[PDB]
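Consider the single chain below, provided in structure tokens and representing the form deposited without the ligand.
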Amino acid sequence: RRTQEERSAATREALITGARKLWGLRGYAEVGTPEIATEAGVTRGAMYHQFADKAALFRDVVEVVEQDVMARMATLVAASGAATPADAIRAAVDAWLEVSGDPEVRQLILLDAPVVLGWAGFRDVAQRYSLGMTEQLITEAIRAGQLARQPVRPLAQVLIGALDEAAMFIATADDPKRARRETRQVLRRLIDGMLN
């Protein structure tokens, strides 16, 4: 026997896992909640006990994917050997271009999320984690004397705007391999210009 809180937690995770998989492959518009409930092996009644509607489930999917994106990026940044805050910023660019190239991340984060959530929803749900990490890297680069002292939150929001748009440019390009290479170069120059 499982306790009710245990069954509720296992039900919730199965739905997030199933929605993430199916929406990742086919897009938010192409998969309904009945097919997701079936995929998770849960009844529709249990599903609607965890999530009021389709959009509430998508929001949780986005949160979980974004957390995964950050963890994957931290691994790539650690693998780059970056040993200063500025070098971590440079590596975070390449890490983002690699992870956002994941077809599931492309579908869920780049194509679906800005449309399903709107601007304010995407900032609050999707962007908040990356914005916080970016603010920290900026603060540390200023502390280390690698970046001129300046307002941290506006600069972080501007960088995130540039990085999100870079991923969109690659994701929609008729030659994504080429677009990724060109975009990587302009982003590296933009970061190097931002720094000392």
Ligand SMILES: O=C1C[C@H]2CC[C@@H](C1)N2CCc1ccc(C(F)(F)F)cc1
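Heads up: residue numbers just count along the shown sequence, starting at 1. The term rigid core refers to the maximal set of C-alpha atoms that superpose within 1.5 Å between the two forms. Residues that one form lacks are left out of the comparison.
Absent from the display: the form solved in complex with the ligand. The rest refers to it.
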| said: Given the pose of the ligand in the entry with it bound, superimposed onto this structure around the site, is the binding site open or blocked (3 or more ligand atoms closer than 2.4 Å to backbone or C-beta atoms counts as blocked)? | reply: open
| Candidate spot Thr17, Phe51 and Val61, all three touching the ligand in the entry with it bound (heavy atom, 4.5 Å) | no
| Heavy atom to heavy atom, is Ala56 within 4.5 Å of the ligand in the entry with it bound? | no
| With the cut-off set at 4.5 Å between non-hydrogen atoms, does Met70 touch the ligand in the entry with it bound? | yes
| query | Do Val116 and the ligand come within 4.5 Å of each other in the entry with it bound, heavy atoms counted? | reply | no
| query | Using heavy atoms and a 4.5 Å limit, would one call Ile160 a contact residue for the ligand in the entry with it bound? | reply | yes
| Residue among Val31, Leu137, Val42, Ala171 with a heavy atom within 4.5 Å of the ligand in the entry with it bound | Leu137
| request: Taking the ligand as it sits in the entry with it bound, which residues of 123-149 have a non-hydrogen atom within 4.5 Å of it? Please list them. | output: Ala126, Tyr129, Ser130, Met133, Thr134, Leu137
| query | In a superposition on the rigid core, which residue from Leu110, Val93, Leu117, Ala126 has a CA displacement reaching 2 Å or more between the shown form and the other one? | reply | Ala126
| query | Did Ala126 and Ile16 drift closer or farther in the entry with it bound, going by a CA distance change of 3 angstroms or more? | reply | farther
| Are there runs of at least three residues between the shown form and the other one whose C-alphas all move 2 Å or more relative to the rigid core, and where are they? | 125-127
